[PDB]
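What follows is work.pdb (PDB, C-alpha atoms).
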```
ATOM      1  CA  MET Y   1     -77.807  11.347-116.459
ATOM      2  CA  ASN Y   2     -75.140   9.188-118.117
ATOM      3  CA  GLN Y   3     -73.798   7.344-115.065
ATOM      4  CA  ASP Y   4     -70.289   6.366-116.171
ATOM      5  CA  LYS Y   5     -69.889   3.003-114.431
ATOM      6  CA  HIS Y   6     -66.316   3.114-113.175
ATOM      7  CA  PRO Y   7     -64.569  -0.250-113.660
ATOM      8  CA  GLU Y   8     -64.031  -2.336-110.546
ATOM      9  CA  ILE Y   9     -60.434  -1.813-109.426
ATOM     10  CA  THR Y  10     -58.889  -4.998-108.067
ATOM     11  CA  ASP Y  11     -57.805  -4.834-104.436
ATOM     12  CA  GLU Y  12     -54.352  -5.674-105.792
ATOM     13  CA  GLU Y  13     -54.399  -2.415-107.764
ATOM     14  CA  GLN Y  14     -55.564  -0.463-104.709
ATOM     15  CA  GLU Y  15     -52.907  -2.189-102.602
ATOM     16  CA  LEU Y  16     -50.154  -1.319-105.089
ATOM     17  CA  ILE Y  17     -51.369   2.287-105.254
ATOM     18  CA  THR Y  18     -51.259   2.434-101.454
ATOM     19  CA  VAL Y  19     -47.732   0.991-101.484
ATOM     20  CA  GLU Y  20     -46.626   3.592-104.036
ATOM     21  CA  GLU Y  21     -48.175   6.411-101.998
ATOM     22  CA  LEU Y  22     -46.499   5.099 -98.840
ATOM     23  CA  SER Y  23     -43.142   4.992-100.634
ATOM     24  CA  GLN Y  24     -43.618   8.550-101.907
ATOM     25  CA  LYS Y  25     -44.553   9.796 -98.434
ATOM     26  CA  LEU Y  26     -41.558   7.965 -96.952
ATOM     27  CA  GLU Y  27     -39.312   9.686 -99.494
ATOM     28  CA  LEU Y  28     -40.858  13.051 -98.610
ATOM     29  CA  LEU Y  29     -40.455  12.411 -94.878
ATOM     30  CA  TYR Y  30     -36.837  11.288 -95.279
ATOM     31  CA  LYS Y  31     -36.072  14.412 -97.313
ATOM     32  CA  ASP Y  32     -37.759  16.552 -94.658
ATOM     33  CA  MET Y  33     -35.842  14.824 -91.858
ATOM     34  CA  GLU Y  34     -32.544  15.270 -93.712
ATOM     35  CA  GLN Y  35     -33.288  18.975 -94.154
ATOM     36  CA  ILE Y  36     -34.257  19.292 -90.490
ATOM     37  CA  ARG Y  37     -31.120  17.439 -89.381
ATOM     38  CA  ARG Y  38     -28.959  19.739 -91.506
ATOM     39  CA  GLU Y  39     -30.720  22.729 -89.942
ATOM     40  CA  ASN Y  40     -30.205  21.165 -86.503
ATOM     41  CA  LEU Y  41     -26.483  20.842 -87.182
ATOM     42  CA  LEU Y  42     -26.325  24.426 -88.462
ATOM     43  CA  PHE Y  43     -28.145  25.832 -85.433
ATOM     44  CA  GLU Y  44     -26.112  23.693 -83.024
ATOM     45  CA  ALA Y  45     -22.909  25.020 -84.591
ATOM     46  CA  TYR Y  46     -24.267  28.573 -84.373
ATOM     47  CA  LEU Y  47     -25.244  28.187 -80.718
ATOM     48  CA  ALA Y  48     -21.970  26.496 -79.745
ATOM     49  CA  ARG Y  49     -19.875  29.120 -81.550
ATOM     50  CA  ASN Y  50     -21.793  31.975 -79.928
ATOM     51  CA  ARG Y  51     -21.782  30.252 -76.522
ATOM     52  CA  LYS Y  52     -18.248  31.590 -76.271
ATOM     53  CA  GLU Y  53     -20.079  34.902 -76.499
ATOM     54  CA  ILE Y  54     -22.832  33.333 -74.383
ATOM     55  CA  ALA Y  55     -20.366  32.143 -71.747
ATOM     56  CA  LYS Y  56     -18.108  35.200 -71.990
ATOM     57  CA  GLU Y  57     -21.004  37.662 -71.835
ATOM     58  CA  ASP Y  58     -23.010  35.756 -69.213
ATOM     59  CA  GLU Y  59     -20.028  35.690 -66.844
ATOM     60  CA  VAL Y  60     -19.494  39.449 -67.166
ATOM     61  CA  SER Y  61     -23.139  40.306 -66.435
ATOM     62  CA  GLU Y  62     -23.528  37.944 -63.460
ATOM     63  CA  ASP Y  63     -22.069  40.503 -61.044
ATOM     64  CA  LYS Y  64     -24.453  43.082 -62.553
ATOM     65  CA  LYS Y  65     -27.542  41.062 -61.515
ATOM     66  CA  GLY Y  66     -29.108  43.744 -59.339
ATOM     67  CA  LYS Y  67     -32.530  44.273 -57.787
ATOM     68  CA  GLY Y  68     -34.259  44.612 -61.164
ATOM     69  CA  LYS Y  69     -37.908  43.702 -60.546
ATOM     70  CA  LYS Y  70     -39.087  44.311 -64.114
ATOM     71  CA  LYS Y  71     -42.375  42.545 -64.798
ATOM     72  CA  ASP Y  72     -41.808  39.455 -66.950
ATOM     73  CA  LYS Y  73     -43.449  40.070 -70.319
ATOM     74  CA  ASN Y  74     -45.595  37.153 -71.505
ATOM     75  CA  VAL Y  75     -44.116  36.364 -74.916
ATOM     76  CA  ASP Y  76     -45.930  33.575 -76.747
ATOM     77  CA  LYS Y  77     -44.009  30.472 -77.795
ATOM     78  CA  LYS Y  78     -44.601  31.420 -81.444
ATOM     79  CA  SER Y  79     -42.037  34.223 -80.977
ATOM     80  CA  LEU Y  80     -39.288  31.831 -79.812
ATOM     81  CA  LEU Y  81     -38.822  30.301 -83.288
ATOM     82  CA  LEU Y  82     -36.712  32.043 -85.910
ATOM     83  CA  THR Y  83     -38.695  33.948 -88.524
ATOM     84  CA  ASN Y  84     -37.754  33.957 -92.199
ATOM     85  CA  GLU Y  85     -35.446  36.979 -91.939
ATOM     86  CA  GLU Y  86     -33.821  35.762 -88.719
ATOM     87  CA  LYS Y  87     -33.339  32.274 -90.164
ATOM     88  CA  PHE Y  88     -31.714  33.753 -93.269
ATOM     89  CA  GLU Y  89     -29.466  35.931 -91.101
ATOM     90  CA  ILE Y  90     -28.419  32.897 -89.051
ATOM     91  CA  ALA Y  91     -27.806  30.893 -92.223
ATOM     92  CA  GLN Y  92     -25.665  33.658 -93.731
ATOM     93  CA  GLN Y  93     -23.728  34.204 -90.494
ATOM     94  CA  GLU Y  94     -23.017  30.480 -90.178
ATOM     95  CA  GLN Y  95     -22.113  30.381 -93.871
ATOM     96  CA  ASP Y  96     -19.528  33.115 -93.292
ATOM     97  CA  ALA Y  97     -18.241  31.441 -90.122
ATOM     98  CA  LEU Y  98     -17.962  28.108 -91.932
ATOM     99  CA  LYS Y  99     -16.155  29.752 -94.845
ATOM    100  CA  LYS Y 100     -13.683  31.198 -92.350
ATOM    101  CA  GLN Y 101     -13.386  27.726 -90.808
ATOM    102  CA  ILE Y 102     -12.506  26.119 -94.148
ATOM    103  CA  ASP Y 103     -10.057  28.941 -94.855
ATOM    104  CA  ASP Y 104      -8.270  28.518 -91.520
TER     105      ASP Y 104
ATOM    106  CA  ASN W 448     -47.468 -30.537 -91.425
ATOM    107  CA  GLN W 449     -43.706 -29.966 -91.753
ATOM    108  CA  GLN W 450     -42.602 -30.503 -95.359
ATOM    109  CA  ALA W 451     -45.481 -28.710 -97.097
ATOM    110  CA  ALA W 452     -44.797 -25.342 -95.430
ATOM    111  CA  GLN W 453     -41.250 -24.729 -96.694
ATOM    112  CA  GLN W 454     -42.075 -23.835-100.308
ATOM    113  CA  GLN W 455     -44.777 -21.346 -99.195
ATOM    114  CA  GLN W 456     -43.031 -18.346-100.714
ATOM    115  CA  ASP W 457     -44.075 -15.078 -99.057
ATOM    116  CA  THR W 458     -45.814 -13.406-102.000
ATOM    117  CA  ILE W 459     -46.704 -10.211-100.146
ATOM    118  CA  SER W 460     -49.986  -8.922-101.561
ATOM    119  CA  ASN W 461     -49.043  -5.317-100.752
ATOM    120  CA  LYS W 462     -50.435  -5.904 -97.257
ATOM    121  CA  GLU W 463     -47.099  -6.752 -95.653
ATOM    122  CA  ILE W 464     -45.580  -4.178 -98.014
ATOM    123  CA  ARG W 465     -48.160  -1.675 -96.766
ATOM    124  CA  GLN W 466     -47.300  -2.526 -93.156
ATOM    125  CA  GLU W 467     -43.568  -2.128 -93.808
ATOM    126  CA  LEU W 468     -44.190   1.217 -95.508
ATOM    127  CA  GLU W 469     -46.344   2.316 -92.564
ATOM    128  CA  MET W 470     -43.661   1.336 -90.040
ATOM    129  CA  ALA W 471     -40.991   3.111 -92.092
ATOM    130  CA  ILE W 472     -43.230   6.188 -92.235
ATOM    131  CA  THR W 473     -43.709   6.010 -88.461
ATOM    132  CA  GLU W 474     -39.937   5.849 -87.958
ATOM    133  CA  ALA W 475     -39.509   8.774 -90.354
ATOM    134  CA  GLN W 476     -42.155  10.681 -88.384
ATOM    135  CA  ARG W 477     -40.396   9.997 -85.080
ATOM    136  CA  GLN W 478     -37.109  11.166 -86.612
ATOM    137  CA  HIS W 479     -38.941  14.229 -87.948
ATOM    138  CA  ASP W 480     -40.290  14.969 -84.464
ATOM    139  CA  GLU W 481     -36.815  14.581 -82.958
ATOM    140  CA  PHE W 482     -35.449  16.939 -85.614
ATOM    141  CA  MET W 483     -38.292  19.357 -84.837
ATOM    142  CA  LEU W 484     -37.361  19.301 -81.148
ATOM    143  CA  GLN W 485     -33.667  19.791 -81.924
ATOM    144  CA  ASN W 486     -34.321  22.616 -84.392
ATOM    145  CA  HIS W 487     -36.827  24.325 -82.093
ATOM    146  CA  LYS W 488     -34.476  24.261 -79.105
ATOM    147  CA  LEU W 489     -31.633  25.493 -81.318
ATOM    148  CA  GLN W 490     -33.796  28.287 -82.743
ATOM    149  CA  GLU W 491     -34.972  29.306 -79.274
ATOM    150  CA  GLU W 492     -31.362  29.488 -78.094
ATOM    151  CA  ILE W 493     -30.351  31.419 -81.218
ATOM    152  CA  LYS W 494     -33.224  33.884 -80.795
ATOM    153  CA  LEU W 495     -32.452  34.459 -77.118
ATOM    154  CA  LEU W 496     -28.786  34.961 -78.015
ATOM    155  CA  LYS W 497     -29.673  37.417 -80.785
ATOM    156  CA  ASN W 498     -31.954  39.350 -78.432
ATOM    157  CA  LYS W 499     -29.185  39.433 -75.816
ATOM    158  CA  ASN W 500     -26.358  40.413 -78.200
ATOM    159  CA  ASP W 501     -27.751  41.936 -81.403
ATOM    160  CA  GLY W 502     -30.341  44.686 -81.355
ATOM    161  CA  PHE W 503     -33.947  43.782 -80.624
ATOM    162  CA  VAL W 504     -35.057  45.858 -83.629
ATOM    163  CA  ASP W 505     -36.409  43.689 -86.455
ATOM    164  CA  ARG W 506     -35.740  44.726 -90.061
ATOM    165  CA  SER W 507     -39.084  43.534 -91.432
ATOM    166  CA  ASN W 508     -39.578  46.734 -93.459
ATOM    167  CA  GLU W 509     -36.809  45.652 -95.852
ATOM    168  CA  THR W 510     -37.476  43.863 -99.127
ATOM    169  CA  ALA W 511     -39.016  40.424 -98.628
ATOM    170  CA  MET W 512     -35.970  38.187 -98.991
ATOM    171  CA  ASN W 513     -36.988  34.917-100.610
ATOM    172  CA  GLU W 514     -37.229  31.838 -98.427
ATOM    173  CA  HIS W 515     -35.944  30.168-101.584
ATOM    174  CA  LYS W 516     -32.849  32.334-101.122
ATOM    175  CA  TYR W 517     -32.711  31.266 -97.469
ATOM    176  CA  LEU W 518     -32.889  27.603 -98.490
ATOM    177  CA  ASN W 519     -30.198  28.231-101.111
ATOM    178  CA  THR W 520     -27.931  29.698 -98.434
ATOM    179  CA  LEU W 521     -28.748  26.793 -96.095
ATOM    180  CA  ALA W 522     -27.824  24.267 -98.790
ATOM    181  CA  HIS W 523     -24.674  26.292 -99.455
ATOM    182  CA  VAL W 524     -23.854  26.084 -95.738
ATOM    183  CA  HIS W 525     -24.347  22.311 -95.771
ATOM    184  CA  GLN W 526     -22.163  22.012 -98.875
ATOM    185  CA  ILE W 527     -19.451  24.212 -97.355
ATOM    186  CA  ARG W 528     -19.441  22.135 -94.164
ATOM    187  CA  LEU W 529     -19.170  18.918 -96.172
ATOM    188  CA  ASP W 530     -16.374  20.428 -98.275
ATOM    189  CA  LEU W 531     -14.589  21.428 -95.071
ATOM    190  CA  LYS W 532     -14.883  17.808 -93.949
ATOM    191  CA  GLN W 533     -13.448  16.307 -97.136
ATOM    192  CA  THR W 534     -10.772  19.007 -97.431
ATOM    193  CA  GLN W 535      -9.516  18.206 -93.940
ATOM    194  CA  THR W 536      -9.759  14.534 -94.926
ATOM    195  CA  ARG W 537      -7.300  15.006 -97.789
ATOM    196  CA  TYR W 538      -5.193  17.371 -95.681
ATOM    197  CA  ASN W 539      -4.785  14.729 -92.979
ATOM    198  CA  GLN W 540      -4.138  12.068 -95.624
ATOM    199  CA  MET W 541      -1.233  13.975 -97.170
ATOM    200  CA  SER W 542       0.043  15.117 -93.763
ATOM    201  CA  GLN W 543       0.189  11.520 -92.523
ATOM    202  CA  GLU W 544       1.843  10.391 -95.758
ATOM    203  CA  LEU W 545       4.495  13.088 -95.362
ATOM    204  CA  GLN W 546       4.987  12.226 -91.686
TER     205      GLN W 546
END
```
Turn this file's structure into structure tokens for me.
Amino acid sequence: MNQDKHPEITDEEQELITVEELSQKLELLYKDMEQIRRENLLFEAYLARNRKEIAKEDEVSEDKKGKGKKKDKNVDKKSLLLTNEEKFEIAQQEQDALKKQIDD
Amino acid sequence: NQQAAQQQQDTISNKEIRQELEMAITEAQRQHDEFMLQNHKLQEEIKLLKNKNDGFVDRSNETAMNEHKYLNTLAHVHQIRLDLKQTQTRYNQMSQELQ
């Protein structure tokens, strides 16, 4: 077997490659964090805007809190995060609300 | 041993550079985790609100809308919010000038 003897890479070359990879991963992580922060702002605006509905609707139903002893269904935490369709619906609803906000 | 140390220029051999990159990546990861917590709490609140207000029926049988389309609409939302910001900026500028 022709054992292709790979040339010895200087530790300087390995160190520079590691630095480049770290810079690339930092860029990726900063982009991800910016996206997540934008999504955080969008969802915070959505929740605050609908809290008027949340507050208005919660107040109305407080007096209706009867003797309902319905067994509490065990929904896994994986179902408390918006799916693709729900995330798109939230994004479109907030897009429309924001467009109305700019208009007004 | 005082004079000879000054001119010792810090020629980082990618080791201090590696450490700085690692610390920056750790800070980015902590910010990412904070953004994860914020987004997850916001999504949980949004989902509970949608269950409480909109119908619990899920329209998964529809055509598979592209998550690329969802990201396009999210970027459009970010752009529209920024444009709102700058538009009110100019509006206030001209209003104050007129006043």
Assuming the chain letters and numbering stay as they are in my file, what does the PyMOL selection byres ((chain W) within 8 of (chain Y)) actually select? List them as a PyMOL selection string.
chain W and resi 460-462+464-465+468-469+471-472+475-476+478-479+482-483+485-487+489-496+506-507+512+514+517+520-521+523-525+527-528+531
Keeping C-alpha atoms for every residue in the selection just given, could you write it to a file as a compact mmCIF listing (two decimals), in the coordinates of the input?
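Generated output (out-v9.txt):
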```txt
# COMPACT_ATOMS: atom_id res chain seq x y z
CA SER W 460 -49.99 -8.92 -101.56
CA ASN W 461 -49.04 -5.32 -100.75
CA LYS W 462 -50.44 -5.90 -97.26
CA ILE W 464 -45.58 -4.18 -98.01
CA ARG W 465 -48.16 -1.68 -96.77
CA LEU W 468 -44.19 1.22 -95.51
CA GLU W 469 -46.34 2.32 -92.56
CA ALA W 471 -40.99 3.11 -92.09
CA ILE W 472 -43.23 6.19 -92.24
CA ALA W 475 -39.51 8.77 -90.35
CA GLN W 476 -42.16 10.68 -88.38
CA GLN W 478 -37.11 11.17 -86.61
CA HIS W 479 -38.94 14.23 -87.95
CA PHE W 482 -35.45 16.94 -85.61
CA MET W 483 -38.29 19.36 -84.84
CA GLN W 485 -33.67 19.79 -81.92
CA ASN W 486 -34.32 22.62 -84.39
CA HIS W 487 -36.83 24.32 -82.09
CA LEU W 489 -31.63 25.49 -81.32
CA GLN W 490 -33.80 28.29 -82.74
CA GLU W 491 -34.97 29.31 -79.27
CA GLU W 492 -31.36 29.49 -78.09
CA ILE W 493 -30.35 31.42 -81.22
CA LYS W 494 -33.22 33.88 -80.80
CA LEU W 495 -32.45 34.46 -77.12
CA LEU W 496 -28.79 34.96 -78.02
CA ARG W 506 -35.74 44.73 -90.06
CA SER W 507 -39.08 43.53 -91.43
CA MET W 512 -35.97 38.19 -98.99
CA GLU W 514 -37.23 31.84 -98.43
CA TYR W 517 -32.71 31.27 -97.47
CA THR W 520 -27.93 29.70 -98.43
CA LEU W 521 -28.75 26.79 -96.10
CA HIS W 523 -24.67 26.29 -99.46
CA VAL W 524 -23.85 26.08 -95.74
CA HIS W 525 -24.35 22.31 -95.77
CA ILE W 527 -19.45 24.21 -97.36
CA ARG W 528 -19.44 22.14 -94.16
CA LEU W 531 -14.59 21.43 -95.07
```
Go ahead and compute the interatomic distance for atom CA of residue W:504 and atom CA of residue Y:73, in Å to one decimal.
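Pair atom CA of residue W:504 / atom CA of residue Y:73 returns 16.8 Å.
In this structure, atom CA of residue Y:9 sits 23.0 Å away from atom CA of residue W:467.
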Could you put an axis-aligned box around every listed atom of stretch 10-22 of chain Y, padded by 8 Å on each side, and send me its centre and edge lengths in Å to one decimal, as JSON?
```
{"center_x": -52.7, "center_y": 0.4, "center_z": -103.5, "size_x": 28.4, "size_y": 28.1, "size_z": 25.2}
```
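If you look at atom CA of residue Y:61 and atom CA of residue W:499, they are 11.2 Å away from each other.
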N, CA and C atoms are needed for stretch 35-69 of chain Y; please write them out as a tab-separated table (two decimals), in the frame of the given file.
```tsv
chain	number	residue	atom	x	y	z
Y	35	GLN	N	-33.35	17.52	-94.22
Y	35	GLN	CA	-33.29	18.98	-94.15
Y	35	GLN	C	-33.29	19.46	-92.71
Y	36	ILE	N	-34.14	18.86	-91.88
Y	36	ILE	CA	-34.26	19.29	-90.49
Y	36	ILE	C	-32.99	18.95	-89.72
Y	37	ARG	N	-32.37	17.81	-90.04
Y	37	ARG	CA	-31.12	17.44	-89.38
Y	37	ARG	C	-29.98	18.36	-89.80
Y	38	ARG	N	-29.94	18.75	-91.07
Y	38	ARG	CA	-28.96	19.74	-91.51
Y	38	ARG	C	-29.17	21.07	-90.79
Y	39	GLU	N	-30.43	21.50	-90.67
Y	39	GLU	CA	-30.72	22.73	-89.94
Y	39	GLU	C	-30.36	22.60	-88.47
Y	40	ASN	N	-30.59	21.41	-87.89
Y	40	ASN	CA	-30.20	21.16	-86.50
Y	40	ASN	C	-28.70	21.30	-86.33
Y	41	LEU	N	-27.93	20.71	-87.25
Y	41	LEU	CA	-26.48	20.84	-87.18
Y	41	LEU	C	-26.06	22.30	-87.33
Y	42	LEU	N	-26.67	23.02	-88.26
Y	42	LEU	CA	-26.32	24.43	-88.46
Y	42	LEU	C	-26.60	25.24	-87.21
Y	43	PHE	N	-27.78	25.06	-86.61
Y	43	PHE	CA	-28.14	25.83	-85.43
Y	43	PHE	C	-27.34	25.42	-84.21
Y	44	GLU	N	-26.99	24.13	-84.10
Y	44	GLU	CA	-26.11	23.69	-83.02
Y	44	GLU	C	-24.73	24.32	-83.16
Y	45	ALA	N	-24.19	24.36	-84.38
Y	45	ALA	CA	-22.91	25.02	-84.59
Y	45	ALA	C	-23.00	26.50	-84.26
Y	46	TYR	N	-24.08	27.16	-84.69
Y	46	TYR	CA	-24.27	28.57	-84.37
Y	46	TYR	C	-24.29	28.80	-82.87
Y	47	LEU	N	-25.10	28.01	-82.16
Y	47	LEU	CA	-25.24	28.19	-80.72
Y	47	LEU	C	-23.95	27.88	-79.98
Y	48	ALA	N	-23.24	26.82	-80.39
Y	48	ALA	CA	-21.97	26.50	-79.74
Y	48	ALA	C	-20.93	27.58	-79.99
Y	49	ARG	N	-20.85	28.08	-81.23
Y	49	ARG	CA	-19.88	29.12	-81.55
Y	49	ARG	C	-20.16	30.39	-80.76
Y	50	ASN	N	-21.43	30.77	-80.66
Y	50	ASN	CA	-21.79	31.98	-79.93
Y	50	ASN	C	-21.85	31.76	-78.42
Y	51	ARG	N	-21.83	30.51	-77.95
Y	51	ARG	CA	-21.78	30.25	-76.52
Y	51	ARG	C	-20.50	30.80	-75.91
Y	52	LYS	N	-19.42	30.82	-76.68
Y	52	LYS	CA	-18.25	31.59	-76.27
Y	52	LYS	C	-18.65	33.02	-75.95
Y	53	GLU	N	-19.43	33.64	-76.84
Y	53	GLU	CA	-20.08	34.90	-76.50
Y	53	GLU	C	-21.10	34.71	-75.38
Y	54	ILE	N	-21.86	33.61	-75.44
Y	54	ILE	CA	-22.83	33.33	-74.38
Y	54	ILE	C	-22.12	33.19	-73.04
Y	55	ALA	N	-21.09	32.35	-73.00
Y	55	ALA	CA	-20.37	32.14	-71.75
Y	55	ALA	C	-19.59	33.39	-71.35
Y	56	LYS	N	-18.90	34.01	-72.30
Y	56	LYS	CA	-18.11	35.20	-71.99
Y	56	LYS	C	-19.00	36.34	-71.51
Y	57	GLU	N	-20.13	36.55	-72.19
Y	57	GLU	CA	-21.00	37.66	-71.83
Y	57	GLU	C	-21.80	37.36	-70.57
Y	58	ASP	N	-22.25	36.11	-70.41
Y	58	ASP	CA	-23.01	35.76	-69.21
Y	58	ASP	C	-22.17	35.93	-67.95
Y	59	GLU	N	-20.90	35.54	-68.01
Y	59	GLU	CA	-20.03	35.69	-66.84
Y	59	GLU	C	-19.87	37.16	-66.46
Y	60	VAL	N	-19.71	38.03	-67.45
Y	60	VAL	CA	-19.49	39.45	-67.17
Y	60	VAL	C	-20.71	40.05	-66.47
Y	61	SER	N	-21.91	39.70	-66.93
Y	61	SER	CA	-23.14	40.31	-66.44
Y	61	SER	C	-23.65	39.68	-65.15
Y	62	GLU	N	-23.05	38.58	-64.68
Y	62	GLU	CA	-23.53	37.94	-63.46
Y	62	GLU	C	-23.39	38.87	-62.26
Y	63	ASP	N	-22.26	39.57	-62.15
Y	63	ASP	CA	-22.07	40.50	-61.04
Y	63	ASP	C	-22.98	41.72	-61.16
Y	64	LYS	N	-23.55	41.96	-62.34
Y	64	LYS	CA	-24.45	43.08	-62.55
Y	64	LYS	C	-25.91	42.73	-62.28
Y	65	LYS	N	-26.18	41.51	-61.80
Y	65	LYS	CA	-27.54	41.06	-61.52
Y	65	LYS	C	-28.02	41.76	-60.25
Y	66	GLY	N	-28.65	42.92	-60.44
Y	66	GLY	CA	-29.11	43.74	-59.34
Y	66	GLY	C	-30.52	43.42	-58.89
Y	67	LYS	N	-31.18	44.42	-58.32
Y	67	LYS	CA	-32.53	44.27	-57.79
Y	67	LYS	C	-33.61	44.53	-58.83
Y	68	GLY	N	-33.29	44.37	-60.11
Y	68	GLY	CA	-34.26	44.61	-61.16
Y	68	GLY	C	-35.50	43.76	-61.04
Y	69	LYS	N	-36.63	44.39	-60.70
Y	69	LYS	CA	-37.91	43.70	-60.55
Y	69	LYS	C	-38.83	43.97	-61.73
```
